[PDB]
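Peer 1: Okay, here's the structure, questions in a sec.
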Amino acid sequence: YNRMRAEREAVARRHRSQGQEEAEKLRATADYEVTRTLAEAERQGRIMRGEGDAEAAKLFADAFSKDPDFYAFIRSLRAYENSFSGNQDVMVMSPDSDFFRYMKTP
Amino acid sequence: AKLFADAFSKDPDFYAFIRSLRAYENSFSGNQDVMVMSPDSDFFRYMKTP
Amino acid sequence: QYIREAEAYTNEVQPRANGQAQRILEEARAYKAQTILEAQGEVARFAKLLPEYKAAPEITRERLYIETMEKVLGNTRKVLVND
Amino acid sequence: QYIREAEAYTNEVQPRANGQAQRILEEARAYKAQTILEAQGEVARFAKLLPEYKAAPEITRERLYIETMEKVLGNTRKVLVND
């Protein structure tokens with residue numbers, strides 16, 4: 001009885017394994033198609049983003065070549081504020097630094 | 001690789017600049033590192049008084 | 001049943017991929033429009049502010065510098081050890 | 001019975017290997033398609049961006065440099081000490 005039961009379980013397991021193999025193959029090809037479509041859409045989106053960036057760069061370039069040094073000054077100040085906005089950093093100064101020149105009594 | 005070579009052969013220096021800037025943005029994106037600059041650094045040249 | 005379920009899964013998942021593709025493409029177009037519009041805003045403000053600077057450069061430069069240093073020093077810890 | 005179970009194990013295990021082989025082959029196909037499409041997108045972006053830089057090199061260089069530096073400095077902790 002044990003031997004025949006083992007043989008029947010063998011046949012059932014083989015059938016289920018074949019079904020699972022077919023399902024896995026179908027799911028694999030489906031995933032490939034999904035990835036290809038998503039990649040195509042992402043490529044088109046990248047093209048659009050590049051077009052927008054170039055269009056913005058043109059306006060920035062001309063309007064800022066109107067006066068380069070002052071724009072550099074303003075943009076550097078904005079960058080300093082944005083970078084140091086967080087309170088996770090430590091800054092070391094000196095009383096001889098030119099910002100604190102007013103510290104010393106006149 | 002063929003596509004990238006054919007594209008970036010037009011101007012290598014600008015591509016290097018852009019790609020290095022993007023690499024700096026991507027690598028440091030994780031808030032796990034520590035940087036030690038100086039007030040005399042060229043980026044912080046506008047932090048000194050005019 | 002396994003085979004039929006796999007076929008149902010693929011037939012279901014393909015339209016979801018198409019919808020996600022359309023969504024990311026629309027997001028890219030929205031980003032492009034926002035970047036342009038945002039640039040327009042930056043360009044206009046910059047052009048407007050420049051003649052004010054050109055009239056009296058020293059005073060406005062000093063004021064902007066002082067304000068920026070005030071903000072950056074207020075946002076960070078300070079150590080004033082002499083060297 | 002032991003030999004019967006061994007043959008059962010073989011007949012069970014082999015189809016799973018076939019399925020995994022098909023899965024990794026499809027993943028490789030997807031990788032090739034995705035990397036080619038991404039390369040095309042990056043090529044298009046660089047080609048569109050290049051003439052604008054070629055028109056006004058210094059301003060574009062400065063603006064991109066400042067934006068990248070503000071991003072990287074915001075992302076990382078900082079310590080400003082003299083040397």
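Chains: A, B, ... in order of the structure tokens. Residues: from 1 per chain. Ligands: from 1, in order shown.
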Can you check the Cα RMSD once chain D has been least-squares fitted onto chain C over every paired atom, in order?
Peer 2: 0.6 Å
Peer 1: If you count only C-alpha atoms, which residues fall within 8 Å of region 92-96 of chain A, apart from same-chain ones fewer than 4 positions away, as a list in words?
Peer 2: residues 100, 101 and 103 of chain A; 78, 79, 80, 81, 82 and 83 of chain C; 79, 80, 81 and 82 of chain D
Peer 1: Give me, as a Markdown table, each residue of chain A that comes within 8 Å of chain C, together with its shortest interatomic pair and the distance in Å at one decimal, counting only C-alpha atoms, with rows ordered by chain and rising residue number.
Peer 2:
| residue | atom | partner | partner_atom | distance |
| --- | --- | --- | --- | --- |
| A:19 | CA | C:2 | CA | 6.0 |
| A:20 | CA | C:2 | CA | 6.5 |
| A:22 | CA | C:3 | CA | 6.4 |
| A:23 | CA | C:6 | CA | 5.2 |
| A:24 | CA | C:6 | CA | 7.8 |
| A:26 | CA | C:6 | CA | 6.4 |
| A:27 | CA | C:6 | CA | 6.4 |
| A:30 | CA | C:10 | CA | 5.5 |
| A:33 | CA | C:14 | CA | 7.8 |
| A:34 | CA | C:17 | CA | 5.6 |
| A:37 | CA | C:21 | CA | 7.0 |
| A:38 | CA | C:21 | CA | 5.5 |
| A:41 | CA | C:21 | CA | 5.3 |
| A:42 | CA | C:24 | CA | 7.1 |
| A:44 | CA | C:25 | CA | 7.0 |
| A:45 | CA | C:28 | CA | 5.0 |
| A:46 | CA | C:28 | CA | 7.3 |
| A:48 | CA | C:29 | CA | 6.3 |
| A:49 | CA | C:32 | CA | 5.5 |
| A:51 | CA | C:32 | CA | 7.6 |
| A:52 | CA | C:32 | CA | 4.6 |
| A:53 | CA | C:35 | CA | 7.1 |
| A:55 | CA | C:36 | CA | 7.0 |
| A:56 | CA | C:36 | CA | 5.3 |
| A:59 | CA | C:43 | CA | 7.2 |
| A:60 | CA | C:43 | CA | 6.6 |
| A:63 | CA | C:43 | CA | 6.4 |
| A:77 | CA | C:68 | CA | 6.2 |
| A:78 | CA | C:68 | CA | 7.9 |
| A:80 | CA | C:72 | CA | 7.0 |
| A:81 | CA | C:72 | CA | 5.6 |
| A:84 | CA | C:72 | CA | 5.9 |
| A:85 | CA | C:75 | CA | 5.7 |
| A:86 | CA | C:75 | CA | 6.7 |
| A:87 | CA | C:76 | CA | 5.4 |
| A:88 | CA | C:76 | CA | 7.6 |
| A:89 | CA | C:76 | CA | 6.3 |
| A:90 | CA | C:77 | CA | 5.1 |
| A:91 | CA | C:78 | CA | 5.2 |
| A:92 | CA | C:79 | CA | 4.6 |
| A:93 | CA | C:80 | CA | 4.8 |
| A:94 | CA | C:80 | CA | 4.7 |
| A:95 | CA | C:80 | CA | 6.3 |
| A:96 | CA | C:82 | CA | 7.6 |
Peer 1: Just list as a list in words whatever in chain B DSSP marks as helix (DSSP H, G or I).
Peer 2: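 Reading the DSSP output for chain B, helix (DSSP H, G or I) covers residues 2, 3, 4, 5, 6, 7, 8, 12, 13, 14, 15, 16, 17, 18, 19, 20, 21, 22, 23, 24, 25, 26, 27, 43, 44, 45, 46 and 47 of chain B.
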Peer 1: Could you please tell me, as a ChimeraX atom specification, which residues of chain B have an atom within 9 Å of chain D when using only C-alpha atoms?
Peer 2: /B:1,3-4,6-8,10-11,14-15,17-18,21-22,24-40,43
Peer 1: Take the residues that were just selected and, keeping C-alpha atoms, output them as a PDB file, in the first residue's frame.
Peer 2:
ATOM      1  CA  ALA B   1      28.605  51.766 -25.700  1.00  0.00           C
ATOM      2  CA  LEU B   3      25.585  54.822 -29.002  1.00  0.00           C
ATOM      3  CA  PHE B   4      27.318  56.668 -26.162  1.00  0.00           C
ATOM      4  CA  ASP B   6      28.846  58.248 -31.248  1.00  0.00           C
ATOM      5  CA  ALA B   7      26.909  60.806 -29.201  1.00  0.00           C
ATOM      6  CA  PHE B   8      29.591  62.119 -26.843  1.00  0.00           C
ATOM      7  CA  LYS B  10      30.935  65.747 -30.348  1.00  0.00           C
ATOM      8  CA  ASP B  11      32.322  67.295 -27.145  1.00  0.00           C
ATOM      9  CA  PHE B  14      31.282  68.990 -21.537  1.00  0.00           C
ATOM     10  CA  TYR B  15      30.131  65.379 -21.239  1.00  0.00           C
ATOM     11  CA  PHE B  17      31.608  67.847 -16.701  1.00  0.00           C
ATOM     12  CA  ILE B  18      27.926  66.864 -16.793  1.00  0.00           C
ATOM     13  CA  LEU B  21      28.337  66.496 -11.665  1.00  0.00           C
ATOM     14  CA  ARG B  22      25.610  63.851 -11.836  1.00  0.00           C
ATOM     15  CA  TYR B  24      28.635  63.802  -7.363  1.00  0.00           C
ATOM     16  CA  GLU B  25      24.888  64.276  -6.923  1.00  0.00           C
ATOM     17  CA  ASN B  26      24.208  60.527  -6.907  1.00  0.00           C
ATOM     18  CA  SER B  27      27.071  59.320  -4.695  1.00  0.00           C
ATOM     19  CA  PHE B  28      26.585  61.896  -1.929  1.00  0.00           C
ATOM     20  CA  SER B  29      22.789  61.482  -1.990  1.00  0.00           C
ATOM     21  CA  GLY B  30      23.008  59.288   1.109  1.00  0.00           C
ATOM     22  CA  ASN B  31      23.283  61.282   4.339  1.00  0.00           C
ATOM     23  CA  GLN B  32      26.033  59.078   5.755  1.00  0.00           C
ATOM     24  CA  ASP B  33      29.257  60.985   4.970  1.00  0.00           C
ATOM     25  CA  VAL B  34      31.126  63.962   6.422  1.00  0.00           C
ATOM     26  CA  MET B  35      32.808  66.743   4.446  1.00  0.00           C
ATOM     27  CA  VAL B  36      35.452  69.133   5.787  1.00  0.00           C
ATOM     28  CA  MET B  37      35.842  72.331   3.757  1.00  0.00           C
ATOM     29  CA  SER B  38      37.531  75.645   4.563  1.00  0.00           C
ATOM     30  CA  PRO B  39      36.264  79.248   4.383  1.00  0.00           C
ATOM     31  CA  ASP B  40      39.087  79.948   1.902  1.00  0.00           C
ATOM     32  CA  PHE B  43      33.057  77.727  -3.617  1.00  0.00           C
TER      33      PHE B  43
END
Peer 1: Please compute the CA of residue 83 (chain A)-CA of residue 62 (chain C) distance, one decimal, in Å.
Peer 2: 21.0 Å
Peer 1: I'd like the contact shell of residue 52 (chain D) - 9 Å cut-off, only C-alpha atoms, skipping same-chain residues fewer than 3 positions apart - returned as a list in words.
Peer 2: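 Counting only C-alpha atoms, the residues come to residues 54, 55, 57, 58 and 61 of chain A; 48, 49, 55, 56, 57 and 60 of chain D.
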Peer 1: At what distance in Å, to one decimal, does CA of residue 65 (chain A) lie from CA of residue 45 (chain D)?
Peer 2: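 Those two atoms sit 23.3 Å apart.
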Peer 1: Residues of chain A were defined as contacting chain B if any atom lay at most 7 Å from it, counting only C-alpha atoms; please report them as a ChimeraX atom specification.
Peer 2: /A:73,76,98-99
Peer 1: Output C-alpha atoms for every residue in that selection, as a short mmCIF file (atom, residue, chain, number, x, y, z; two decimals), in the first residue's frame.
Peer 2:
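As written to disk, again.cif reads:
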data_model
loop_
_atom_site.label_atom_id
_atom_site.label_comp_id
_atom_site.auth_asym_id
_atom_site.auth_seq_id
_atom_site.Cartn_x
_atom_site.Cartn_y
_atom_site.Cartn_z
CA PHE A 73 26.95 86.50 -6.23
CA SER A 76 26.10 81.61 -4.42
CA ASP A 98 36.34 89.74 8.15
CA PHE A 99 32.63 89.20 8.90
#
Peer 1: Run DSSP on the backbone of this structure and report the residues of chain B it assigns to strand (DSSP E or B), as a CSV table (one decimal) with N, CA, C and O atoms, in the first residue's frame.
Peer 2:
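Dumped everything to part_20.csv:
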chain,number,residue,atom,x,y,z
B,34,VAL,N,30.7,62.7,5.8
B,34,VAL,CA,31.1,64.0,6.4
B,34,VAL,C,32.1,64.7,5.5
B,34,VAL,O,33.1,64.1,5.1
B,35,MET,N,31.9,65.9,5.3
B,35,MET,CA,32.8,66.7,4.4
B,35,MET,C,33.4,67.9,5.3
B,35,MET,O,32.8,68.5,6.1
B,36,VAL,N,34.7,68.2,5.0
B,36,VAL,CA,35.5,69.1,5.8
B,36,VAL,C,36.0,70.1,4.8
B,36,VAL,O,37.1,69.9,4.2
B,37,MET,N,35.4,71.3,4.6
B,37,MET,CA,35.8,72.3,3.8
B,37,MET,C,36.6,73.4,4.6
B,37,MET,O,36.9,73.2,5.8
